[PDB]
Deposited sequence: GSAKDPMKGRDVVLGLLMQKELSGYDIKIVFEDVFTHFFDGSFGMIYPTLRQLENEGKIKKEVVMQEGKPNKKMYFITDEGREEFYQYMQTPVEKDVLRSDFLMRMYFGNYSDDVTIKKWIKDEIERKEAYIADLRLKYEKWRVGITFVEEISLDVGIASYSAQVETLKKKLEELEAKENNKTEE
């Protein structure tokens, strides 16, 4: 990461910890399963972010004893406060980096074979994400509510529309 890391990255972690304590392992998997689709870019910064939040007193790492001991992170009231402050801020515009759309933009410097391949790869990718995501929300959000389901359904709506569009562009090319 870098000096330009968004501070909002911290609220991804605090928000996750709002429901219950989680191990590092579990935070990483939720990130890969769910947040890669709508708050990506920050995966490698999970432990650095956890360590910083602990250093500031926003979370605490505890040995839960019972069975095998498990180290888990718990949010503190100071972290709750930072999370709730985040939630009252203005909603930031989407930020997207799509290498694929830029390749299409510069497509006139490629060739038809290569463009066709890239499109087919992109279709296959988005199709896989669609399939993955549903099952991952049932794993991570047992007790999923109407508002939580919006993130899923918007994502699937958007991916599916991208897939449909690309299939049509492919038809036209072939």
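Mapping the modelled residues onto the deposited sequence reveals missing stretches at 67 to 68, 177 to 185.
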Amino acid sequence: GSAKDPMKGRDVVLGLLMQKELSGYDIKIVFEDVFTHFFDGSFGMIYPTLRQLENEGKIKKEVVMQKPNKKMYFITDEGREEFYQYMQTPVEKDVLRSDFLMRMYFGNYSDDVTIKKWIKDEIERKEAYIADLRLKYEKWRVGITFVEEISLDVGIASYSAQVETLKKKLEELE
From here on, numbers count along this sequence of modelled residues.
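Looking at 110 to 118 and 56 to 64 together, the entry lists the larger mean B-factor for 110 to 118, computed on C-alpha atoms. In this entry, 101 to 109 shows the higher mean Cα temperature factor of the pair 101 to 109 and 145 to 153. Across the options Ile27, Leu50, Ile123, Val34, the residue with the most elevated CA B-factor in the record is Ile123. Split the chain's modelled residues into thirds by C-alpha temperature factor. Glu21 is in the middle one.
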